[PDB]
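**Q** Next up is a structure, given as structure tokens.
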Amino acid sequence: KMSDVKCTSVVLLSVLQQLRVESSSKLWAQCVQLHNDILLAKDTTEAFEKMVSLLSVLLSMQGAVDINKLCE
Amino acid sequence: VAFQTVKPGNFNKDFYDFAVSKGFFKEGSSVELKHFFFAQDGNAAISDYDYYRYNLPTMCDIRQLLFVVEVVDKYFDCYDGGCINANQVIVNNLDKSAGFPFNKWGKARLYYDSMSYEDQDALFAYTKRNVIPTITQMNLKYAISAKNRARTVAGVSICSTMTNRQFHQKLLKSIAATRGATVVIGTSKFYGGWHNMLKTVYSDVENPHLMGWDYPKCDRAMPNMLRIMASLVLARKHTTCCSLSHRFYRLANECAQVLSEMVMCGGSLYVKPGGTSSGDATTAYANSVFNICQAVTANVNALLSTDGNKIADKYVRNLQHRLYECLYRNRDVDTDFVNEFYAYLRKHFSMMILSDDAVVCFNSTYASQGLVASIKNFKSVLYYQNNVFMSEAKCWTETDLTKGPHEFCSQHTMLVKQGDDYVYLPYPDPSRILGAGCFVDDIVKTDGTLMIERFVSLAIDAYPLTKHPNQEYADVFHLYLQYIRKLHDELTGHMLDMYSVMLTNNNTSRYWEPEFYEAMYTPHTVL
Amino acid sequence: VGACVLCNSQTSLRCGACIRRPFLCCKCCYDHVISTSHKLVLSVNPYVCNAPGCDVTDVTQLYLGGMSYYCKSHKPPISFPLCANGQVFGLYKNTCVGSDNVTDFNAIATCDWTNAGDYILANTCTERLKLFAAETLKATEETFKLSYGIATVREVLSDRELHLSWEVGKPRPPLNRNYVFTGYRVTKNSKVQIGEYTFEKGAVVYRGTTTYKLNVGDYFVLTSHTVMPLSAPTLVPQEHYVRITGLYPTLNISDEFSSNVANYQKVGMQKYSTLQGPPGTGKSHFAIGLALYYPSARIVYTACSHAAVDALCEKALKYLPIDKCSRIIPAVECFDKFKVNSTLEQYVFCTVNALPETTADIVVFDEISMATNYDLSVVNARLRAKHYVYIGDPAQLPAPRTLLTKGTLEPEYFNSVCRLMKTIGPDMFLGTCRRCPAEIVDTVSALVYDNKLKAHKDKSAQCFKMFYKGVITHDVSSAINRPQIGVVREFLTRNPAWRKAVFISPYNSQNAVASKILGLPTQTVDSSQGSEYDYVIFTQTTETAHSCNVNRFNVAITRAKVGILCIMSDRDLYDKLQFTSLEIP
Amino acid sequence: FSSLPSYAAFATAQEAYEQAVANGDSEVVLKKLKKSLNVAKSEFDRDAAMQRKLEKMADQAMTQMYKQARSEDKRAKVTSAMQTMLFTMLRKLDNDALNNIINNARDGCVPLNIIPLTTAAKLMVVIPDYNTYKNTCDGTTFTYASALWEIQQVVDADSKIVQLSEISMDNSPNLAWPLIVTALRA
Amino acid sequence: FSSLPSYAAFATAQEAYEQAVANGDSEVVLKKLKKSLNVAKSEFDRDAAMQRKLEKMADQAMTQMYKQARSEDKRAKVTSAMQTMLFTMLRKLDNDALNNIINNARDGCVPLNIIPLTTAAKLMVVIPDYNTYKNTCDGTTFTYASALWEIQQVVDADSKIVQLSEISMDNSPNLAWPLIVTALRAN
RNA sequence: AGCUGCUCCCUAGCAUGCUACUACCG
RNA sequence: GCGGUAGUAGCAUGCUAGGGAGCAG
Ligand SMILES: [Zn+2]
Ligand SMILES: [Zn+2]
Ligand SMILES: [Zn+2]
Ligand SMILES: [Zn+2]
């Protein structure tokens with residue numbers, strides 16, 4: 001299950017980076033730090049809280065229209 | 001100032017779905033993802049250039065170096081070297097960068113092109129009477145890794161490597177085209193080369209025991225004296241082609257270009273204190289000279305520092321006495337005793353070297369009495385000479401020779417049955433193969449149909465796992481085979497759907513069968 | 001790499017010498033090259049002889065040697081003639097159908113857009129080819145617009161007046177606001193940020209938008225943009241439903257919307273519905289009705305210009321709750337009573353060129369006449385509206401075609417929706433003309449309106465027509481009728497109440513002379529829509545098809561809501577016009 | 001390849017040779033059918049050679065141009081496949097903590113900062129209406145990210161702090177609704 | 001290869017061969033006209049075969065000399081670019097202070113690591129955190145390299161201007177913090 | 001954006017070499 | 001009937017060049 005968390009963290013960081021998030025240094029530093037801790041984690045529960053913390057960054061802005069992208 | 005980040009690698013989902021289809025990545029399995037594409041924040045380059053703070057001005061025991069250098073010299077008397085003209089240099093990949101500030105106008109092809117075969121020789125003869133400081137750029141690598149530390153590589157300017165190639169190339173290409181020596185640069189592991197290497201280092205020692213190591217941050221913990229000595233040992237062969245002033249000015253140019261050159265890290269010049277720059281012409285051989293120097297120094301320390309009243313074999317005691325005599329009570333080289341000691345070493349300390357990744361087969365009933373270097377002696381030498389503490393979680397020691405080195409060049413060794421006899425093959429870490437399969441740079445994969453050859457190569461490198469007793473290992477190769485099969489017979493159908501004839505003849509069936517791959521590990525060379 | 005226009009089979013050949021370089025189906029591409037002057041083709045890599053120092057661009061002579069394309073004198077011994085079998089080598093050659101008749105596309109691509117026959121070919125053809133023709137004409141006119149000289153100002157005379165010079169070797173554009181300039185301020189580095197201006201004879205008169213101080217060295221250009229390849233059709237497929245789809249009917253009704261609701265169920269009864277909208281019948285009020293007829297409907301106010309959406313915005317500040325309106329203007333002064341750049345809003349007010357890609361409960365398209373097939377399909381690209389309303393009329397002013405030279409393009413052939421309006425008829429009709437009296441509604445009804453428009457209040461007997469001859473004199477971009485300029489003052493002196501009437505003119509420079517003589521305000525016939533005045537006057541000036549053809553005059557005559565003045569120098573419509581004729585002084 | 005014109009000549013020569021060998025007539029007369037048949041396979045195998053080469057070279061060039069087209073369009077659409085694949089994986093993940101915040105952000109509750117993980121530190125959540133308030137906040141407890149938070153400071157859109165008890169269905173159309181609510185981890 | 005002096009010879013030989021084959025006079029005629037076609041082929045052989053290698057040799061020579069000419073042209077452009085870069089970057093340095101410190105040397109040769117230290121007209125600082133900022137760039141003036149500088153145009157990592165009053169202790173965690181403080185030499 | 005070493009795949013060329021067919025001469 | 005030579009096609013080996021990709025330090 002953790003391997004899925006690592007893969008989704010990778011793709012999440014890629015989409016965040018192409019959303020032009022590195023224009024603000026502190027935000028990019030926090031994101032890369034969280035991503036590195038997710039990739040190096042050995043157990044699933046802390047991976048998931050760092051995962052939700054990382055996803056909240058994507059949810060914060062308005063660039064990713066969510067209702068359309070959630071088409072089920 | 002400019003801040004450079006490191007991006008994360010992309011995801012190849014289709015291969016991951018195929019892997020989970022075949023019952024992979026299940027919890028509690030041995031194979032698991034560990035090699036990822038890490039990311040780095042804004043100030044990643046300078047936070048890695050700052051590691052040169054581990055370089056301290058060091059003094060060397062001169063009356064012992066003046067003997068270790070003789071023995072290391074004798075280790076390199078099998079090859080040839082000399083200056084070569086402009087019309088004989090051999091250069092691969094002429095479209096690489098030309099350093100700073102030359103990368104503002106074109107790649108190395110332009111500067112290797114505009115100079116006629118007389119301008120290059122005019123320059124190479126100019127540098128033998130002058131000193132040319134240069135500016136080195138510093139760049140980060142973008143590759144899979146198992147540790148989150150970045151990697152920084154130095155792009156030296158063209159005016160340095162252009163002349164260093166002419167100066168050193170004859171010896172460099174004579175080292176890489178020799179088989180059976182101590183240095184094993186250029187010997188391939190395919191077609192039964194690894195087995196030949198391993199049977200080379202087992203040569204005639206009596207009660208062997210393997211021993212290996214690697215150096216923590218080898219390029220930055222390098223003292224300046226050992227770099228100088230390595231360059232001197234490399235340039236020694238020019239006894240006839242050059243004068244004595246010419247050799248000194250070439251050495252001064254080397255020290256001005258790869259030892260204290262003004263590194264241009266970021267957007268501003270700094271001063272590199274010391275240590276090798278890893279992106280110059282002769283790094284991979286200077287490191288070999290370093291490694292042999294440390295081995296000889298460890299042997300010298302281990303033999304001198306023994307209570308010479310308990311030693312029972314008379315010959316080694318006389319060796320001790322003469323060793324001290326020619327070390328400290330003498331001033332000039334004694335080639336008779338240098339030959340004597342080199343014979344003693346190569347009879348009781350066999351070696352295999354690449355650029356700082358070594359393997360040593362030593363007689364053990366001597367090392368247990370301190371007549372040759374043990375693995376603590378390298379700790380002591382690295383401590384008082386390299387200013388690094390050698391952790392015993394990086395040096396291994398093996399005693400059952402039927403299994404080869406625990407690790408060499410990042411490949412484990414296994415003894416299988418190949419035909420009628422038994423061979424040694426290098427098998428990689430399976431997680432490395434899977435991580436190369438899944439994480440890629442956006443078109444180089446994530447659509448397998450476009451490449452296919454990368455999967456062919458990866459299945460070539462992942463073959464020796466097919467003989468592994470651990471069942472979860474061979475399924476990696478079998479999965480790779482089935483993925484190549486799926487890719488091929490999906491590309492054919494997709495092209496047929498977009499066209500109206502299918503590929504008339506391919507003979508591609510060899511790619512998804514083991515017979516094409518088992519031929520790369522048998523002792524009969526089809527290049 | 002896409003599917004070709006005619007065949008929709010995937011291909012990779014692109015017509016090189018062609019204007020917009022369309023995706024060409026392989027054998028279909030061979031037909032296009034052999035039947036046109038377009039002899040250049042580009043695949044993923046271009047089909048040009050790669051041997052150094054070559055010139056040949058025609059595909060036919062090009063042969064395939066190895067991994068490249070070669071003309072006859074450049075090949076290696078091994079070749080493969082690409083121009084073979086009547087089928088140029090290209091991607092998806094077998095998944096190819098070709099076209100039996102391509103000469104329609106051949107004439108569309110070889111079209112300079114000169115005659116009305118060009119627009120006839122564009123409109124009469126099908127979806128993909130009509131879209132291609134629209135894009136090509138837009139790009140081609142945009143190309144000619146910058147081909148004219150530069151508008152440099154070398155002397156500053158006074159306020160609203162300048163002395164301007166022009167580039168040598170290139171002509172001068174007309175002297176009206178029909179083509180608004182755009183100058184930028186030139187500095188030692190580059191030219192930036194002056195603004196959009198209109199130049200007319202004064203010595204020239206510049207009509208800038210905002211306040212500015214123009215000095216010497218500042219020159220104005222006809223700025224061009226990059227026309228992008230359109231995707232959606234001009235009209236979505238028609239489908240008549242069985243119930244009111246997607247909307248909840250209203251509970252109570254308004255008497256001002258009593259005549260609106262009667263036609264409103266059939267608006268929501270089907271996908272798209274067409275309108276017969278005469279001038280001054282409450283079409284904007286008709287559009288407002290859907291908001292009151294459906295409070296929960298998210299309707300979008302769209303038109304060719306912000307000044308036309310302004311009419312919808314004009315009736316929005318009164319009836320529409322301001323808490324749910326949004327006006328979108330790209331980063332020109334206009335109405336901004338709403339909040340700007342708010343996609344997620346109920347009432348959206350924007351021009352067809354700037355509204356982002358959304359979805360709409362029901363669209364209102366104001367002034368469909370001037371919106372050609374280009375912007376007809378632009379809106380469908382942005383929105384897949386659940387309902388569609390076309391507010392406008394084919395019997396209303398179209399966009400002025402700067403490339404149409406000979407022949408007058410038919411009113412029906414403006415675009416797709418106006419074409420069906422003359423064949424199957426309009427779905428709606430508003431039978432009350434809320435401004436024009438019996439003297440105007442009755443006359444305009446018998447002209448192109450099929451006698452379908454009826455009088456509102458009375459025959460005011462304040463609309464007058466005159467018989468006259470005149471002698472015309474013309475200039476670079478105008479024509480002034482001197483006897484009518486003598487007549488107009490002569491008519492107005494003997495009744496001082498007539499001086500409150502505005503002067504309308506086909507060539508606005510003619511009224512510029514009249515404005516000097518009399519001082520009454522100015523009107524442009526081509527843009528007189530949206531604005532109406534109780535007292536307004538007109539001079540026919542010319543009887544040519546440019547000014548006084550049947551439909552381009554209908555807007556000017558309908559400007560007045562009590563009485564209008566117009567001296568007919570012609571006789572084509574003077575006989576038909578049911579106005580009062582008086583003695584010529 | 002049999003549709004080539006020279007195949008008819010080859011067939012005629014082969015038939016003549018077969019008839020001659022079935023007859024066994026002469027010694028030199030059939031030698032005419034070795035100086036005309038062995039010749040007959042000289043303009044056939046040479047003419048059947050390059051066309052077989054030509055078809056394969058055409059196939060290999062067309063497939064390489066196809067791969068070039070595919071690689072050209074795949075890098076021109078990356079910033080929608082990234083997101084679609086992302087959310088497909090996220091839905092496959094089936095985690096309650098992610099699901100709660102995704103539903104909330106879809107209906108409007110988008111936090112205006114990183115969600116903190118320590119038991120300290122502040123979270124700031126927009127709540128643009130009242131129905132969305134009904135599910136999440138209950139008195140002094142904030143439910144978000146499947147955690148328990150303590151509401152401390154709500155504020156309207158014009159930066160005027162509002163008391164917690166004031167808000168209600170009747171008085172809901174009386175505040176600048178995009179509230180931001182400061183709360184801390186349990 | 002049709003304008004060679006072999007096309008006419010082959011044409012006339014084959015014309016004679018076909019004329020006498022239609023005539024069918026003698027077997028010796030057939031032998032003679034077979035020998036004619038068996039000697040006129042060698043004419044055609046080396047008259048239309050070697051000339052098909054001279055063309056390839058000429059073409060490859062032409063391409064090679066084209067490539068050499070392009071190489072020379074690229075050399076010309078890079079020479080011009082390098083000379084103009086040198087001549088445009090030398091004009092920024094020759095201040096009178098540089099000449100002053102070059103005249104005071106015993107030999108005219110001075111170390112490189114003191115020229116910017118004693119003639120630069122602008123100083124760049126990089127500060128990782130507020131604690132280092134307090135000790136070095138405190139206030140609107142600071143002293144480094146035994147000179148006097150005045151702080152001007154403080155900027156953060158995002159390269160946006162930050163005024164001096166913002167950098168307090170409590171406000172520090174709200175700034176991108178490789179602060180690059182610029183200053184100029186005061187007299 | 002570095003210096004190497006090894007390996008796989010595609011193409012092009014020269015030369016070498018082999019085989020097969022045709023022609024000339026001895 | 002043999003040999004030699006000159007052409008044509010096919011096949012193999014190897015050397016060089018160009019392009020793509022992977023691994024190790
Ligand atoms: Zn030398
Ligand atoms: Zn065309
Ligand atoms: Zn087609
Ligand atoms: Zn050509």
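Simple scheme: letters A, B, ... for chains in structure tokens order, numbers from 1 for residues in each chain, numbers from 1 for ligands in the order shown.
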What's the 9 Å shell around residue D:163, counting only C-alpha atoms (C1' of nucleotides), without same-chain residues fewer than 5 positions away, as number ranges by chain?

**A** D: 153-155

**Q** Taking N, CA and C atoms for each residue, export the selection above as a JSON list (two decimals), in the first residue's frame.

**A**
[["chain", "number", "residue", "atom", "x", "y", "z"],
["D", 153, "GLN", "N", -11.64, 31.64, 16.16],
["D", 153, "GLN", "CA", -11.77, 33.01, 15.64],
["D", 153, "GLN", "C", -12.31, 32.97, 14.22],
["D", 154, "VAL", "N", -13.61, 33.23, 14.06],
["D", 154, "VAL", "CA", -14.21, 33.34, 12.74],
["D", 154, "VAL", "C", -14.22, 34.81, 12.34],
["D", 155, "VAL", "N", -14.22, 35.06, 11.04],
["D", 155, "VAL", "CA", -14.11, 36.41, 10.50],
["D", 155, "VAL", "C", -14.84, 36.46, 9.17]]

**Q** Which residues come within 10 Å of residue G:20, counting only C-alpha atoms (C1' of nucleotides), excluding same-chain residues fewer than 2 positions away, as a list in words?

**A**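 Everything that qualifies: residues 451 and 453 of chain B; 9 and 10 of chain F.
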
**Q** Rank E:45, E:18, E:27, E:166 by their smallest atom-to-atom distance to chain F, using only C-alpha atoms (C1' of nucleotides), and report the top residue only.

**A**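 Of the candidates, the smallest distance to chain F is held by E:45.
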
**Q** Enumerate residues in contact with ligand 2: an atom-to-atom distance of at most 6 Å, counting only C-alpha atoms (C1' of nucleotides) and all ligand atoms. Format the result as a ChimeraX atom specification.

**A** /C:15,18,38,109

**Q** Around ligand 3, which protein and nucleic acid residues have at least one atom no more than 12 Å from it, if we count only C-alpha atoms (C1' of nucleotides) and all ligand atoms? List them as a compact mmCIF listing (two decimals) with N, CA, C and O atoms, in the first residue's frame.

**A**
# COMPACT_ATOMS: atom_id res chain seq x y z
N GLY C 2 -3.02 15.40 -37.43
CA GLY C 2 -4.44 15.24 -37.19
C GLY C 2 -5.13 14.62 -38.38
O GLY C 2 -4.48 14.03 -39.25
N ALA C 3 -6.45 14.75 -38.42
CA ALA C 3 -7.25 14.24 -39.52
C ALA C 3 -7.52 15.35 -40.53
O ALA C 3 -7.69 16.52 -40.17
N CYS C 4 -7.54 14.98 -41.81
CA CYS C 4 -7.67 15.97 -42.87
C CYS C 4 -9.09 16.50 -42.95
O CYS C 4 -10.05 15.86 -42.50
N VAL C 5 -9.21 17.70 -43.53
CA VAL C 5 -10.46 18.46 -43.46
C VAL C 5 -11.59 17.73 -44.19
O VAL C 5 -12.68 17.55 -43.65
N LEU C 6 -11.34 17.31 -45.44
CA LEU C 6 -12.40 16.70 -46.24
C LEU C 6 -12.71 15.28 -45.80
O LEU C 6 -13.88 14.91 -45.70
N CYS C 7 -11.68 14.48 -45.53
CA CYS C 7 -11.84 13.05 -45.34
C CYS C 7 -11.90 12.61 -43.89
O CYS C 7 -12.42 11.52 -43.61
N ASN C 8 -11.39 13.41 -42.95
CA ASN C 8 -11.34 13.10 -41.53
C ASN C 8 -10.55 11.83 -41.23
O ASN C 8 -10.58 11.34 -40.10
N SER C 9 -9.85 11.28 -42.22
CA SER C 9 -8.89 10.22 -41.97
C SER C 9 -7.58 10.83 -41.48
O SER C 9 -7.15 11.87 -41.98
N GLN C 10 -6.96 10.18 -40.50
CA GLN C 10 -5.74 10.71 -39.93
C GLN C 10 -4.65 10.81 -41.00
O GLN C 10 -4.53 9.95 -41.87
N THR C 11 -3.87 11.88 -40.93
CA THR C 11 -2.84 12.15 -41.91
C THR C 11 -1.76 13.02 -41.28
O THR C 11 -1.88 13.45 -40.13
N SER C 12 -0.69 13.27 -42.04
CA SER C 12 0.40 14.09 -41.54
C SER C 12 0.94 15.06 -42.57
O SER C 12 1.92 15.76 -42.29
N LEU C 13 0.35 15.14 -43.76
CA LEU C 13 0.78 16.08 -44.79
C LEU C 13 0.04 17.39 -44.60
O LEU C 13 -1.18 17.41 -44.43
N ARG C 14 0.79 18.49 -44.61
CA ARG C 14 0.22 19.82 -44.45
C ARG C 14 0.55 20.66 -45.68
O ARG C 14 1.71 20.74 -46.09
N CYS C 15 -0.48 21.26 -46.26
CA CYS C 15 -0.33 22.05 -47.48
C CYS C 15 0.55 23.26 -47.21
O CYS C 15 0.15 24.19 -46.51
N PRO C 22 -3.53 23.48 -44.00
CA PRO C 22 -4.41 22.48 -43.39
C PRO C 22 -3.83 21.08 -43.47
O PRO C 22 -3.00 20.77 -44.32
N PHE C 23 -4.29 20.23 -42.56
CA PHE C 23 -3.91 18.83 -42.60
C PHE C 23 -4.44 18.20 -43.88
O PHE C 23 -5.63 18.27 -44.17
N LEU C 24 -3.54 17.58 -44.65
CA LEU C 24 -3.89 17.06 -45.96
C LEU C 24 -3.83 15.54 -45.96
O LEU C 24 -2.80 14.93 -45.67
N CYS C 25 -4.97 14.94 -46.31
CA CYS C 25 -5.10 13.52 -46.55
C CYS C 25 -4.31 13.10 -47.78
O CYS C 25 -4.33 13.79 -48.80
N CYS C 26 -3.61 11.96 -47.70
CA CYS C 26 -2.48 11.68 -48.59
C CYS C 26 -2.86 11.79 -50.07
O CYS C 26 -2.37 12.68 -50.78
N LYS C 27 -3.70 10.89 -50.56
CA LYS C 27 -4.15 11.01 -51.95
C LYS C 27 -4.97 12.27 -52.15
O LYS C 27 -4.89 12.92 -53.20
N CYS C 28 -5.78 12.62 -51.15
CA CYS C 28 -6.48 13.90 -51.11
C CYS C 28 -5.49 15.07 -51.18
O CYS C 28 -5.76 16.08 -51.85
N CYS C 29 -4.33 14.94 -50.53
CA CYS C 29 -3.28 15.94 -50.66
C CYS C 29 -2.75 16.00 -52.08
O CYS C 29 -2.44 17.08 -52.60
N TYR C 30 -2.58 14.84 -52.72
CA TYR C 30 -2.13 14.83 -54.10
C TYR C 30 -3.13 15.54 -55.00
O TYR C 30 -2.75 16.29 -55.90
N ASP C 31 -4.42 15.33 -54.74
CA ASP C 31 -5.45 16.06 -55.47
C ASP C 31 -5.32 17.56 -55.25
O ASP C 31 -5.38 18.35 -56.20
N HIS C 32 -5.11 17.97 -53.99
CA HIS C 32 -4.99 19.40 -53.69
C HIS C 32 -3.79 20.02 -54.40
O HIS C 32 -3.89 21.13 -54.94
N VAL C 33 -2.65 19.33 -54.41
CA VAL C 33 -1.46 19.91 -55.03
C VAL C 33 -1.60 19.93 -56.55
O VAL C 33 -1.21 20.91 -57.20
N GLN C 87 -0.31 9.23 -55.41
CA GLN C 87 -0.46 9.17 -53.96
C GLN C 87 0.87 9.55 -53.32
O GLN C 87 1.79 8.73 -53.27
N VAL C 88 0.97 10.79 -52.85
CA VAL C 88 2.19 11.24 -52.18
C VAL C 88 2.38 10.47 -50.89
O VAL C 88 1.43 10.27 -50.11
N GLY C 90 2.86 9.46 -47.28
CA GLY C 90 2.49 10.14 -46.05
C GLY C 90 1.91 9.16 -45.06
O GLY C 90 1.61 8.01 -45.39
N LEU C 91 1.76 9.63 -43.82
CA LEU C 91 1.22 8.79 -42.77
C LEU C 91 -0.20 8.36 -43.08
O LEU C 91 -1.01 9.13 -43.62
N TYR C 92 -0.51 7.11 -42.73
CA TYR C 92 -1.86 6.56 -42.86
C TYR C 92 -2.34 6.61 -44.31
O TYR C 92 -3.40 7.14 -44.62
N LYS C 93 -1.52 6.05 -45.21
CA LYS C 93 -1.83 6.10 -46.64
C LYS C 93 -2.96 5.14 -46.99
O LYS C 93 -3.73 5.39 -47.93
N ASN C 94 -3.04 4.00 -46.30
CA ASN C 94 -4.07 3.02 -46.61
C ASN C 94 -5.38 3.31 -45.88
O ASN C 94 -6.46 3.04 -46.41
N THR C 95 -5.31 3.87 -44.68
CA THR C 95 -6.52 4.29 -43.98
C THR C 95 -6.95 5.64 -44.56
O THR C 95 -7.12 6.65 -43.86
N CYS C 96 -7.11 5.64 -45.88
CA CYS C 96 -7.33 6.82 -46.69
C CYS C 96 -8.51 6.57 -47.60
O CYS C 96 -8.62 5.50 -48.20
N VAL C 97 -9.40 7.57 -47.71
CA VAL C 97 -10.52 7.49 -48.62
C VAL C 97 -10.39 8.46 -49.79
O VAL C 97 -10.96 8.20 -50.86
N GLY C 98 -9.66 9.56 -49.63
CA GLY C 98 -9.60 10.57 -50.67
C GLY C 98 -10.94 11.26 -50.84
O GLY C 98 -11.89 11.06 -50.08
N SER C 99 -11.01 12.09 -51.87
CA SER C 99 -12.25 12.77 -52.22
C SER C 99 -12.43 12.75 -53.72
O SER C 99 -11.50 13.07 -54.47
N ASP C 100 -13.63 12.36 -54.17
CA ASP C 100 -13.92 12.35 -55.59
C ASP C 100 -13.89 13.75 -56.18
O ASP C 100 -13.36 13.96 -57.28
N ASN C 101 -14.44 14.73 -55.46
CA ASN C 101 -14.46 16.12 -55.90
C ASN C 101 -13.77 16.97 -54.85
O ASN C 101 -14.27 17.09 -53.72
N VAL C 102 -12.64 17.56 -55.22
CA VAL C 102 -11.89 18.45 -54.34
C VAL C 102 -11.83 19.87 -54.88
O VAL C 102 -11.35 20.77 -54.18
N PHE C 105 -12.70 22.64 -52.56
CA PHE C 105 -11.58 22.98 -51.69
C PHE C 105 -10.46 23.66 -52.47
O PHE C 105 -9.76 24.52 -51.93
N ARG C 128 -16.57 21.77 -42.07
CA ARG C 128 -15.12 21.88 -41.99
C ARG C 128 -14.58 22.88 -43.01
O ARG C 128 -13.73 23.72 -42.68
N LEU C 129 -15.06 22.79 -44.25
CA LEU C 129 -14.56 23.69 -45.29
C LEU C 129 -15.01 25.13 -45.06
O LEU C 129 -14.25 26.06 -45.36

**Q** Quick one: residues within 10 Å of ligand 1, with only C-alpha atoms (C1' of nucleotides) and all ligand atoms, as number ranges by chain?

**A** B: 81-84, 125, 128, 166-168, 235-244, 246-247, 250

**Q** List all protein, DNA and RNA residues that have an atom no more than 9 Å from any atom of ligand 4, counting only C-alpha atoms (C1' of nucleotides) and all ligand atoms, and report them as a PyMOL selection string.

**A** chain C and resi 48-56+62+69-75

**Q** Please provide the set of residues having any atom within 12 Å of residue E:1, restricted to only C-alpha atoms (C1' of nucleotides), with same-chain residues fewer than 5 positions apart removed, written as a PyMOL selection string.

**A** chain E and resi 6-8+44-52+55

**Q** Restrict the selected residues to C-alpha atoms and save them as an mmCIF file, in the first residue's frame.

**A**
data_model
loop_
_atom_site.group_PDB
_atom_site.id
_atom_site.type_symbol
_atom_site.label_atom_id
_atom_site.label_comp_id
_atom_site.auth_asym_id
_atom_site.auth_seq_id
_atom_site.Cartn_x
_atom_site.Cartn_y
_atom_site.Cartn_z
ATOM 1 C CA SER E 6 28.654 4.341 -76.908
ATOM 2 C CA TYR E 7 24.900 4.855 -77.279
ATOM 3 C CA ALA E 8 25.271 5.485 -81.016
ATOM 4 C CA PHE E 44 29.006 0.385 -72.984
ATOM 5 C CA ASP E 45 30.336 -1.321 -69.836
ATOM 6 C CA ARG E 46 33.215 1.043 -69.072
ATOM 7 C CA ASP E 47 31.566 3.949 -70.902
ATOM 8 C CA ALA E 48 28.520 3.942 -68.603
ATOM 9 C CA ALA E 49 29.898 2.226 -65.476
ATOM 10 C CA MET E 50 33.098 4.048 -64.473
ATOM 11 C CA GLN E 51 31.405 7.364 -65.284
ATOM 12 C CA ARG E 52 28.800 6.349 -62.687
ATOM 13 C CA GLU E 55 29.801 11.372 -60.363
#

**Q** Would you kindly report the residues of chain B within 10 Å of chain C, using only C-alpha atoms, as a count of residues only?

**A** 7

**Q** Distance cut-off 12 Å, counting only C-alpha atoms (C1' of nucleotides) - which residues of chain G neighbour chain E? Return them as an MDAnalysis selection string.

**A** chainID G and resid 6:8

**Q** Go ahead and write the selection's residues with C-alpha atoms (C1' of nucleotides) as a PDB file, in the first residue's frame.

**A**
ATOM      1  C1'   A G   6      35.520  -8.085 -67.363  1.00  0.00           C
ATOM      2  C1'   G G   7      30.398  -7.236 -65.706  1.00  0.00           C
ATOM      3  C1'   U G   8      25.572  -8.574 -62.573  1.00  0.00           C
TER       4        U G   8
END

**Q** Could you list, as a PyMOL selection string, the residues of chain F having an atom within 12 Å of chain D when counting only C-alpha atoms (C1' of nucleotides)?

**A** chain F and resi 10-11+20-23

**Q** Which polymer residues have any atom within 9 Å of an atom of residue B:133, counting only C-alpha atoms (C1' of nucleotides), with same-chain residues fewer than 4 positions away left out, as a ChimeraX atom specification?

**A** /B:253,256-257,261-262

**Q** Quick one: everything within 12 Å of residue D:84, counting only C-alpha atoms (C1' of nucleotides), minus sequence neighbours fewer than 4 positions away in the same chain. Send it as a list in words.

**A** residues 8, 11, 12, 15, 64, 65, 66, 68, 69, 70, 71 and 72 of chain A; 77, 78, 79, 80, 88, 89, 90 and 91 of chain D

**Q** Quick one: which chain E residues come within 10 Å of chain A, and what is the nearest atom pair for each with the distance in Å to one decimal, counting only C-alpha atoms, rows ordered by chain and ascending number, as a Markdown table?

**A**
| residue | atom | partner | partner_atom | distance |
| --- | --- | --- | --- | --- |
| E:156 | CA | A:25 | CA | 9.4 |
| E:157 | CA | A:25 | CA | 6.6 |
| E:158 | CA | A:24 | CA | 6.1 |
| E:159 | CA | A:24 | CA | 9.9 |
| E:173 | CA | A:26 | CA | 10.0 |
| E:174 | CA | A:26 | CA | 9.1 |
| E:175 | CA | A:26 | CA | 8.2 |
| E:176 | CA | A:26 | CA | 6.0 |
| E:177 | CA | A:26 | CA | 8.4 |
| E:178 | CA | A:25 | CA | 9.6 |
